[PDB]
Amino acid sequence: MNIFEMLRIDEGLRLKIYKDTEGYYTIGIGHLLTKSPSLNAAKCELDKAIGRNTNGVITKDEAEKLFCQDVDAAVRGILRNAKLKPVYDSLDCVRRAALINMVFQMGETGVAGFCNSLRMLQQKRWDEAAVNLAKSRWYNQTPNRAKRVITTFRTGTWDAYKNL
């Protein structure tokens, strides 16, 4: 298991524009296009992102290319955020993937505001961090995904991604 496979499980793969769990136009492996309610706006974002007139449909290779960029962007956002970087640097490679996963889903600013969970992770108080992470809109709105990510933080293993 690795970060690409883990996010592929959590995000799925769809080749036509769809609405994510929050109702926002998305494509590929969880590539958010826009928060605008305008499908036309989403279509401009998509054509700009891919570099051609897509008419709302992309190939698997194109989806994987956006995904490569989006994983990089999540790592970069962690490294450039003064609250996230020390936590990331303190973590092992598997738990780093759990943090990248959170940032991919909700953005650097949102994750960076969880000062109690971040402190517990930095302190390596894994059970306490796991309990604290579940007291979130994130957990309530996407509980099965959040449970997998939380198990990854709690155990430092990929066990939650094994039957998928």
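Throughout, we count residues from 1 along the sequence that is shown.
- Stretches compared: 89-97, 76-84. Higher mean C-alpha B-factor in the entry: 76-84.
- Remark: stretch with higher mean C-alpha B factor among 107-115 and 64-72 is 107-115.
- In the PDB entry, the Cα temperature factor peaks, among 27, 102, 44, 133, at 44.
- The PDB entry assigns residue 125 a C-alpha temperature factor belonging to the middle third of its chain's modelled residues.
- Compared with the other modelled residues of the chain, the Cα B-factor recorded for residue 164 ranks in the highest third.
- Residue 21: CA B factor lies in the highest third for its chain, per the PDB record.
- In the deposited entry, the Cα temperature factor of residue 35 sits in the top third of values across the chain's modelled residues.
- Ranked against the other modelled residues of its chain, the C-alpha B-factor of residue 137 as given in the entry falls in the lowest third.
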